[PDB]
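One structure is given below, encoded as C-alpha coordinates.
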Amino acid sequence: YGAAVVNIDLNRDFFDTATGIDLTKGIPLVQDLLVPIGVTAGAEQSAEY
Amino acid sequence: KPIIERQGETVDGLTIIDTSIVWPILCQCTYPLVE
(Lines give C-alpha, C1' and ligand atoms only; values in the text may rest on other atoms or scores of the structure.)
Protein backbone atom coordinates (compact mmCIF):
# COMPACT_ATOMS: atom_id res chain seq x y z
CA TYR A 1 0.00 0.00 0.00
CA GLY A 2 1.84 3.06 -1.34
CA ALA A 3 3.59 2.01 -4.56
CA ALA A 4 4.23 5.06 -6.75
CA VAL A 5 5.31 3.40 -10.02
CA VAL A 6 5.87 -0.15 -11.32
CA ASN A 7 7.37 -1.23 -14.67
CA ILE A 8 8.99 -3.87 -16.91
CA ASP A 9 12.63 -3.98 -18.10
CA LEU A 10 15.59 -6.36 -18.47
CA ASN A 11 16.24 -8.65 -15.50
CA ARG A 12 19.38 -7.50 -13.65
CA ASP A 13 20.13 -11.16 -12.85
CA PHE A 14 20.18 -13.23 -16.07
CA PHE A 15 22.08 -10.30 -17.55
CA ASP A 16 24.53 -10.04 -14.64
CA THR A 17 26.49 -6.82 -14.02
CA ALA A 18 29.81 -8.70 -13.86
CA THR A 19 29.99 -10.12 -17.40
CA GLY A 20 28.64 -8.74 -20.68
CA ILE A 21 26.24 -6.01 -19.54
CA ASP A 22 25.31 -3.25 -17.05
CA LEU A 23 21.97 -1.61 -16.15
CA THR A 24 21.85 1.58 -14.07
CA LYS A 25 19.87 3.52 -16.67
CA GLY A 26 17.00 1.90 -18.62
CA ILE A 27 19.35 1.15 -21.52
CA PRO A 28 21.47 -2.04 -21.36
CA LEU A 29 24.97 -0.54 -21.66
CA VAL A 30 28.16 -2.48 -22.40
CA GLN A 31 31.59 -0.82 -22.67
CA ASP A 32 33.68 -1.13 -25.85
CA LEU A 33 32.36 -2.89 -28.96
CA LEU A 34 31.83 -0.13 -31.55
CA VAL A 35 33.87 2.99 -30.72
CA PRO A 36 33.99 5.83 -33.32
CA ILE A 37 37.62 5.92 -34.50
CA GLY A 38 38.39 9.62 -35.04
CA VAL A 39 36.50 11.87 -32.61
CA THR A 40 37.01 13.88 -29.39
CA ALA A 41 37.38 12.49 -25.85
CA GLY A 42 33.75 13.06 -24.82
CA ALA A 43 32.26 11.18 -27.79
CA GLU A 44 31.63 7.40 -28.18
CA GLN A 45 29.71 7.58 -24.86
CA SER A 46 26.47 6.89 -26.79
CA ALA A 47 27.86 4.28 -29.20
CA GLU A 48 28.08 1.99 -26.16
CA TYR A 49 24.29 1.49 -26.41
CA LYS B 1 65.13 33.44 -69.48
CA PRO B 2 62.66 30.53 -69.12
CA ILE B 3 60.73 29.42 -66.01
CA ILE B 4 61.10 25.66 -66.56
CA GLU B 5 64.27 24.19 -68.13
CA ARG B 6 66.00 20.81 -68.69
CA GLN B 7 69.08 21.31 -66.45
CA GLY B 8 69.62 18.58 -63.84
CA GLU B 9 70.55 17.36 -61.38
CA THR B 10 70.95 20.53 -59.29
CA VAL B 11 72.81 20.47 -55.94
CA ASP B 12 69.39 19.99 -54.30
CA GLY B 13 67.19 16.93 -53.73
CA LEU B 14 64.63 18.33 -56.19
CA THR B 15 65.69 16.21 -59.19
CA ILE B 16 65.57 12.43 -59.78
CA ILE B 17 62.41 11.16 -58.07
CA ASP B 18 62.93 7.89 -56.20
CA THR B 19 60.24 5.32 -57.05
CA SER B 20 61.25 2.88 -54.28
CA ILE B 21 59.48 5.04 -51.66
CA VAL B 22 56.32 2.89 -51.92
CA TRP B 23 57.07 -0.26 -49.90
CA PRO B 24 57.86 1.55 -46.60
CA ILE B 25 54.50 3.40 -46.76
CA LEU B 26 52.55 0.13 -47.06
CA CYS B 27 54.20 -1.72 -44.16
CA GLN B 28 56.58 0.22 -41.86
CA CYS B 29 54.12 3.06 -41.25
CA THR B 30 51.54 3.30 -38.48
CA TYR B 31 48.85 5.86 -39.19
CA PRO B 32 46.61 7.46 -36.56
CA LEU B 33 44.47 4.62 -38.00
CA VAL B 34 41.57 6.94 -38.89
CA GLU B 35 43.88 12.31 -30.59
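Going through the C-alpha coordinates in order, the chains are called A, B, and so on, while each chain numbers its residues from 1 and the ligands are numbered from 1 in the order shown.
Residue-level contact on chain B: within 8 Å of chain A, counting only C-alpha atoms, the set is residues 33, 34 and 35 of chain B.
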So how far away is atom CA of residue A:46 from atom CA of residue A:19, in Å?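 According to the coordinates, atom CA of residue A:19 and atom CA of residue A:46 are separated by 19.7 Å.
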Between atom CA of residue A:32 and atom CA of residue B:32, measure the distance and give it in Å to one decimal.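 Separating atom CA of residue A:32 from atom CA of residue B:32 is a distance of 18.9 Å.
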Could you name the residues that touch residue A:31 at 7 Å or less, counting only C-alpha atoms, but leaving out those on the same chain fewer than 2 positions away, as a PDB file with N, CA, C and O atoms, in the first residue's frame?
ATOM      1  N   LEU A  29      23.714  -1.108 -21.175  1.00  0.00           N
ATOM      2  CA  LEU A  29      24.973  -0.541 -21.656  1.00  0.00           C
ATOM      3  C   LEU A  29      26.180  -1.439 -21.401  1.00  0.00           C
ATOM      4  O   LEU A  29      26.490  -1.769 -20.252  1.00  0.00           O
ATOM      5  N   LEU A  33      32.541  -2.004 -27.816  1.00  0.00           N
ATOM      6  CA  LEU A  33      32.356  -2.894 -28.961  1.00  0.00           C
ATOM      7  C   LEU A  33      32.448  -2.135 -30.285  1.00  0.00           C
ATOM      8  O   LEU A  33      33.076  -2.610 -31.233  1.00  0.00           O
ATOM      9  N   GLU A  48      28.041   3.127 -27.072  1.00  0.00           N
ATOM     10  CA  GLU A  48      28.082   1.985 -26.159  1.00  0.00           C
ATOM     11  C   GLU A  48      26.681   1.448 -25.826  1.00  0.00           C
ATOM     12  O   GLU A  48      26.531   0.560 -24.983  1.00  0.00           O
TER      13      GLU A  48
END
